[PDB]
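A.B. asks: how would this look folded up:
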Amino acid sequence: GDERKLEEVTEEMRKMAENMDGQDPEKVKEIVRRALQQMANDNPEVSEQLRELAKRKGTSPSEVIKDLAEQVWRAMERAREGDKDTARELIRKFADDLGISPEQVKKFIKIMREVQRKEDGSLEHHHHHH
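C.D. replies: Numbers count the residues shown, from 1 in each chain. Find the structure here:
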């Protein structure tokens with residue numbers, strides 16, 4: 001069906017978790033919160049799903065993000081422990097909650113690394129190109 005395609009997004013959860021290793025686990029949730037939220041600031045189709053979850057829960061579309069960010073972080077720490085299958089099952093809930101494609105989550109992780117460095121205003125060692 002789509003398990004094989006979900007494996008491709010789960011590779012980024014392995015890559016990102018070793019990229020952020022040695023930080024505080026609660027901070028990862030706060031970095032993911034704004035990183036997953038940026039997709040709704042960039043696209044109305046994500047933001048209208050934030051409204052559906054918040055209206056089902058009786059809250060604001062900003063408040064469901066705290067719960068959405070846990071799901072991704074639990075996929076990263078599982079992927080760091082070598083558990084790619086529970087990481088896949090943990091992304092299934094996150095991509096389904098926002099109604100998004102695994103390649104769109106593969107885009108979200110690329111915002112996560114761009115906002116991680118912004119806590120210090122640093123830049124990545126992108127010296128493999130140009």
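A.B. asks: can you pull up the most central residue in this structure?
C.D. replies: When the chain is reduced to its mean C-alpha position, the closest residue under Cα atoms, centre = their mean turns out to be residue 72, at 4.8 Å.
A.B. asks: okay but it is in contact with residue 31, surely?
C.D. replies: No - using Cβ atoms under 8 Å as the test, residue 72 is too far from residue 31 to be in contact (10.0 Å). For every residue, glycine as well, the C-beta is placed using N, CA and C.
A.B. asks: which one is the residue nearest to the centre of the chain nearest to, not counting chain neighbours?
C.D. replies: What sits nearest to residue 72 in space, not counting adjacent residues and going by Cβ to Cβ, 6 or more residues apart in numbering, is residue 32, at 4.9 Å.
A.B. asks: ok, now which ones touch that neighbour?
C.D. replies: 69, 72-73, 112 (Cβ atoms under 8 Å, 6 or more residues apart in numbering).
A.B. asks: quick one: which of those is nearest residue 10?
C.D. replies: residue 72 (11.3 Å; Cβ to Cβ).
A.B. asks: name the element the closest one belongs to?
C.D. replies: Assigned by DSSP states H and E, residue 72 belongs to helix 65-80.
A.B. asks: ok, residue 13 - contacts?
C.D. replies: Taking Cβ under 8 Å, 6+ apart as the definition of contact, the neighbours of residue 13 are 72, 75-76, 78-79, 87, 91, 109.
A.B. asks: leaving out the residues flanking it, which one is nearest to it?
C.D. replies: residue 79 (4.0 Å).
A.B. asks: the one you found is in contact with residue 10, isn't it?
C.D. replies: Yes - contact between residue 79 and residue 10 holds when scored by Cβ under 8 Å: they sit 6.5 Å apart.
A.B. asks: how much space separates residue 75 from residue 97?
C.D. replies: Taken as Cβ to Cβ, to the nearest Å, the spacing of residue 75 relative to residue 97 amounts to 13 Å.
A.B. asks: ignore the last one, residue 9
C.D. replies: Taking Cβ to Cβ as the criterion, residue 9 is separated from residue 97 by 14 Å.
A.B. asks: thanks again, I'm all set now.
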